[PDB]
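Only one chain is given next, in structure tokens, and it is the form deposited in one PDB entry.
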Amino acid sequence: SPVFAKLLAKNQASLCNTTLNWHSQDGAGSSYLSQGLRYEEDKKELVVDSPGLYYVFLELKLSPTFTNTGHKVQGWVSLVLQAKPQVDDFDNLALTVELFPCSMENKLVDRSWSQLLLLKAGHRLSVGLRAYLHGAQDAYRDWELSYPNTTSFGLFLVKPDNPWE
């Protein structure tokens, strides 16, 4: 069976610097994870069983709130992939959205990110929400992570490890 996972972010009413919580199963027992992949609620980490080349993906869906007027609050919002252990290039493994007056709107922001990464057996992956917002009083209340525009995180095994290497 293909090794694949697609987790959906638990709701976040406002933005802050925190590790995101994930739904690992839908409204029924059917999990968003295949075998060879586990999700740990306590650590908020996706645990990779076998080593290989994985296609890791992040999809940020920023929903504007009632207080959002679209053209005052600026800065940036990030989804930062937190890997244990660090991968050879795990330096700024992140999906960033820049908010500037130029291109700012009172509209849903839907951005995707991907990277092919060499992961080890027992590799732990968590996702941190990062944001610096300014321009109005209570700027972090102007955006949220909510269902049905759900932020997602996942991966799939592209090439299993070759031990000889």
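We number the residues from 1 along the sequence you see. Definition used throughout: the rigid core is the maximal C-alpha set that superposes within 1.5 Å between two forms.
Only in words, not in the display: the form solved in complex with a partner chain, which the text now covers.
**Q** Is it the case that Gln25, even though its partner is missing from this view, gets within 4.5 Å of its partner chain in the bound PDB entry, heavy atoms only?
**A** Yes, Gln25 is a contact residue.
**Q** Can any non-hydrogen atom of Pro51 be found within 4.5 angstroms of its partner chain in the bound PDB entry?
**A** Contact with its partner chain, no.
**Q** How about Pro64: is it within 4.5 Å of its partner chain in the bound PDB entry, going by heavy atoms?
**A** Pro64: contacts its partner chain in the bound PDB entry.
**Q** Could you confirm whether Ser30 comes within 4.5 Å of its partner chain in the bound PDB entry, counting heavy atoms only?
**A** Yes - in the bound PDB entry, heavy atoms of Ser30 and its partner chain come within 4.5 Å of each other.
**Q** Counting heavy atoms only and using a 4.5 Å cut-off, do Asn21, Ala83 and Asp88 all touch its partner chain in the bound PDB entry?
**A** The answer is no; none of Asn21, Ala83 and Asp88 reaches its partner chain.
**Q** Spell out whether the Cα of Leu116 moves at least 2 Å between this form and the one not shown when the two forms are superposed on their rigid core.
**A** Comparing the forms between this form and the one not shown, which are aligned on their rigid core, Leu116 does not shift its C-alpha by 2 Å or more.
**Q** Superposing on the rigid core, is the Cα displacement of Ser126 between this form and the one not shown 2 Å or more?
**A** No, the C-alpha position differs by under 2 Å between this form and the one not shown.
**Q** Please check if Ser34 moves between this form and the one not shown, taking a CA shift of 2 Å or more relative to the superposed core as movement.
**A** No: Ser34 shifts by under 2 Å between this form and the one not shown.
**Q** So the Cα-Cα distance between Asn68 and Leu20 shifts by 3 Å or more in the bound PDB entry; is it shorter or longer than what we see here?
**A** Note: Cα gap between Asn68 and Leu20 widens in the bound PDB entry.
**Q** Once you account for a change of 3 Å or more, let me know if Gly70 and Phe57 sit closer or farther in the bound PDB entry, using their C-alpha atoms.
**A** Pair moves farther apart in the bound PDB entry.
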